[PDB]
Amino acid sequence: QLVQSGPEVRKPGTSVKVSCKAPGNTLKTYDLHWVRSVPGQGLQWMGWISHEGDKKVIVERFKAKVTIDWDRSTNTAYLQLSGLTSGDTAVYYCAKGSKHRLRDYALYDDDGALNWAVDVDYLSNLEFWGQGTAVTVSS
Amino acid sequence: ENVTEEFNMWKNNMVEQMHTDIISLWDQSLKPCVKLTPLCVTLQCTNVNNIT
Ligand SMILES: *[C@@H]1O[C@H](CO)[C@@H](O[C@@H]2O[C@H](CO)[C@@H](O[C@@H]3O[C@H](CO[C@H]4O[C@H](CO)[C@@H](O)[C@H](O)[C@@H]4O)[C@@H](O)[C@H](O[C@H]4O[C@H](CO)[C@@H](O)[C@H](O)[C@@H]4O[C@H]4O[C@H](CO)[C@@H](O)[C@H](O)[C@@H]4O)[C@@H]3O)[C@H](O)[C@H]2NC(C)=O)[C@H](O)[C@H]1NC(C)=O
Ligand SMILES: *[C@@H]1O[C@H](CO)[C@@H](O[C@@H]2O[C@H](CO)[C@@H](O[C@@H]3O[C@H](CO[C@H]4O[C@H](CO)[C@@H](O)[C@H](O)[C@@H]4O)[C@@H](O)[C@H](O[C@H]4O[C@H](CO)[C@@H](O)[C@H](O)[C@@H]4O)[C@@H]3O)[C@H](O)[C@H]2NC(C)=O)[C@H](O)[C@H]1NC(C)=O
């Protein structure tokens, strides 16, 4: 299982922080995802930062106001929100999953080396999910 | 006729010269041949199947 920070209430305008912790260090090879769940509006994908540390994809719709960090030493996921508007009043879930790092077009060299490779990675699944943190913004 | 000459198979230089020769031809025949560096790759190998 996973642990998330407790429910939070924030006055709009300032920032909020959410922490997702794994028990000890048993989930390190798996990649990290953040999701949002506006009630009655389905679920949205906040973004992900992978597990090797080579990706930081965050959806552009939330790129400006949302940051996702990972502390290796404590093995802790950090989610920072800045705008904190009425639309952010919802439940944020931390998920641990796995991807498929396929190798697409790659330029081998004459001698047989690997000059470069786009090797774009594909999302496979999100096995482990946090208990969910409710963030309430009230004016 | 009537000729006696010393011989020494072990101090003979002909063997050394011809060894150097054979080495030279062996290398020269390999110079205009296909390079095989791209073979040094990980090999997924299994045992092989109608074998004594
Ligand atoms: C000759 O070149 C080809 C190039 O295509 C190459 O084949 C590809 O090799 C790569 C390297 O392993 C394969 O990438 C892995 O793929 C698996 C999924 O494989 C299954 O599904 C495919 C179809 O998509 C099937 O064809 C295949 O047979 C399998 O059924 C991924 O799951 C792997 O992801 C792991 O590694 C990633 C990094 O590489 C991680 O980011 C990822 O999170 C996964 O982590 C794994 O390891 C963790 C520890 O490191 C562990 O904790 C996790 O639980 C997890 O197990 C990986 O991306 C690729 O599938 C191959 N096929 C194709 C079409 O690209 C040949 O191997 C090569 N021949 C040689 C070198 O001899
Ligand atoms: C030899 O090969 C190894 C692995 O095979 C390489 O090691 C990785 O190299 C990649 C670069 O391709 C590194 O990825 C980059 O890491 C940066 C580290 O940033 C730290 O600080 C920021 C805050 O500023 C943190 O947010 C972050 O988590 C890190 O703690 C990132 O900043 C980079 O992010 C940028 O690029 C990504 C996409 O790549 C974008 O999404 C981001 O927005 C940002 O623009 C990037 O992720 C990776 O860290 C290396 N890992 C290790 C273990 O070394 C070697 O680089 C390679 N060496 C050579 C010479 O080829």
# chains A, B, ... in the order shown; residues from 1 in each chain; ligands from 1
>>> select_by_dssp(residues="chain B", states="helix (DSSP H, G or I)", output="ChimeraX atom specification")
/B:13-30,37-39
>>> write_last_selection(atoms="N, CA, C and O atoms", output="compact mmCIF listing (two decimals), in the first residue's frame")
# COMPACT_ATOMS: atom_id res chain seq x y z
N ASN B 13 69.14 -19.64 -40.99
CA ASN B 13 68.31 -18.46 -41.08
C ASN B 13 67.16 -18.61 -42.06
O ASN B 13 66.25 -17.78 -42.06
N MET B 14 67.20 -19.64 -42.91
CA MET B 14 66.14 -19.81 -43.89
C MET B 14 64.80 -20.03 -43.21
O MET B 14 63.77 -19.49 -43.64
N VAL B 15 64.79 -20.81 -42.13
CA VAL B 15 63.55 -21.06 -41.41
C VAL B 15 62.99 -19.78 -40.82
O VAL B 15 61.79 -19.51 -40.91
N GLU B 16 63.85 -18.95 -40.23
CA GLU B 16 63.38 -17.70 -39.65
C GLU B 16 62.83 -16.78 -40.73
O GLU B 16 61.75 -16.18 -40.57
N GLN B 17 63.55 -16.65 -41.84
CA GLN B 17 63.09 -15.79 -42.92
C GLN B 17 61.76 -16.25 -43.47
O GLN B 17 60.86 -15.44 -43.72
N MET B 18 61.59 -17.56 -43.64
CA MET B 18 60.36 -18.06 -44.22
C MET B 18 59.21 -18.02 -43.23
O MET B 18 58.05 -17.86 -43.63
N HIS B 19 59.49 -18.11 -41.93
CA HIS B 19 58.46 -17.86 -40.93
C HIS B 19 57.97 -16.42 -41.00
O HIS B 19 56.76 -16.16 -40.99
N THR B 20 58.91 -15.47 -41.06
CA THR B 20 58.53 -14.08 -41.23
C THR B 20 57.70 -13.89 -42.50
O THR B 20 56.69 -13.17 -42.50
N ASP B 21 58.11 -14.55 -43.58
CA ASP B 21 57.33 -14.50 -44.81
C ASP B 21 55.90 -14.96 -44.55
O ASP B 21 54.96 -14.17 -44.69
N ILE B 22 55.73 -16.19 -44.07
CA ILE B 22 54.39 -16.76 -43.91
C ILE B 22 53.53 -15.85 -43.06
O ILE B 22 52.34 -15.64 -43.35
N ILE B 23 54.10 -15.27 -42.00
CA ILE B 23 53.36 -14.30 -41.21
C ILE B 23 52.91 -13.13 -42.07
O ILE B 23 51.75 -12.68 -41.99
N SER B 24 53.81 -12.61 -42.91
CA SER B 24 53.47 -11.45 -43.72
C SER B 24 52.33 -11.77 -44.69
O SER B 24 51.37 -11.00 -44.81
N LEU B 25 52.42 -12.90 -45.40
CA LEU B 25 51.33 -13.27 -46.30
C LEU B 25 50.03 -13.48 -45.55
O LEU B 25 48.96 -13.10 -46.03
N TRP B 26 50.09 -14.10 -44.37
CA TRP B 26 48.87 -14.34 -43.63
C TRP B 26 48.18 -13.04 -43.26
O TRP B 26 46.96 -12.92 -43.39
N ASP B 27 48.94 -12.06 -42.79
CA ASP B 27 48.34 -10.77 -42.46
C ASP B 27 47.84 -10.06 -43.72
O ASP B 27 46.75 -9.46 -43.71
N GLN B 28 48.62 -10.10 -44.79
CA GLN B 28 48.25 -9.38 -46.00
C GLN B 28 46.97 -9.93 -46.60
O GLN B 28 46.16 -9.17 -47.14
N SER B 29 46.78 -11.24 -46.54
CA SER B 29 45.53 -11.81 -47.03
C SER B 29 44.34 -11.38 -46.20
O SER B 29 43.21 -11.42 -46.69
N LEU B 30 44.56 -10.98 -44.95
CA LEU B 30 43.47 -10.52 -44.10
C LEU B 30 43.17 -9.04 -44.23
O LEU B 30 42.04 -8.63 -43.93
N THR B 37 33.86 -6.33 -36.31
CA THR B 37 33.58 -5.73 -35.01
C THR B 37 32.11 -5.77 -34.61
O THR B 37 31.83 -6.06 -33.43
N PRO B 38 31.12 -5.51 -35.49
CA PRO B 38 29.73 -5.45 -35.02
C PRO B 38 29.20 -6.77 -34.49
O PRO B 38 28.04 -6.85 -34.08
N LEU B 39 30.02 -7.82 -34.50
CA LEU B 39 29.59 -9.08 -33.93
C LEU B 39 29.65 -9.11 -32.41
O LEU B 39 28.96 -9.91 -31.79
>>> residues_near_ligand(ligand="ligand 2", cutoff="7 Å", atoms="only C-alpha atoms and all ligand atoms", output="ChimeraX atom specification")
/A:52-57,69-70
>>> closest_atom_pairs(of="chain B", to="ligand 1", cutoff="7 Å", atoms="only C-alpha atoms and all ligand atoms", output="JSON lines")
{"residue": "B:42", "atom": "CA", "partner": "ligand 1", "partner_atom_place_in_ligand_line": "72 (O)", "distance": 5.5}
{"residue": "B:43", "atom": "CA", "partner": "ligand 1", "partner_atom_place_in_ligand_line": "72 (O)", "distance": 5.7}
{"residue": "B:44", "atom": "CA", "partner": "ligand 1", "partner_atom_place_in_ligand_line": "72 (O)", "distance": 5.7}
>>> write_last_selection(atoms="N, CA and C atoms", output="compact mmCIF listing (two decimals), in the first residue's frame")
# COMPACT_ATOMS: atom_id res chain seq x y z
N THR B 42 25.64 -8.89 -27.27
CA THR B 42 25.05 -9.90 -26.40
C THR B 42 24.33 -10.95 -27.24
N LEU B 43 24.58 -12.21 -26.92
CA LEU B 43 24.03 -13.34 -27.66
C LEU B 43 23.07 -14.09 -26.75
N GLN B 44 21.80 -14.14 -27.13
CA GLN B 44 20.85 -14.98 -26.41
C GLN B 44 21.01 -16.40 -26.95
>>> closest_residue(among="A:71, A:31, A:60, A:110", to="chain B", atoms="only C-alpha atoms")
A:110
>>> select_by_dssp(residues="region 69-139 of chain A", states="strand (DSSP E or B)", output="PyMOL selection string")
chain A and resi 69-71+76-81+90-101+106-108+114-117+121-129+133-137
>>> interface_residues(of="chain A", to="chain B", cutoff="10 Å", atoms="only C-alpha atoms", output="list in words")
residues 109, 110, 111, 112 and 113 of chain A
>>> residues_around(residues="residue 7 (chain A)", least_positions_apart="3", cutoff="10 Å", atoms="only C-alpha atoms", output="PyMOL selection string")
chain A and resi 4+18+91-92+132-136
>>> atom_distance(atom1="CA of residue 68 (chain A)", atom2="CA of residue 42 (chain A)")
21.5 Å
>>> closest_residue(among="A:24, A:97, A:47, A:40", to="residue 126 (chain A)", atoms="only C-alpha atoms")
A:97
>>> closest_residue(among="A:78, A:105, A:116, A:129", to="residue 16 (chain A)", atoms="only C-alpha atoms")
A:78
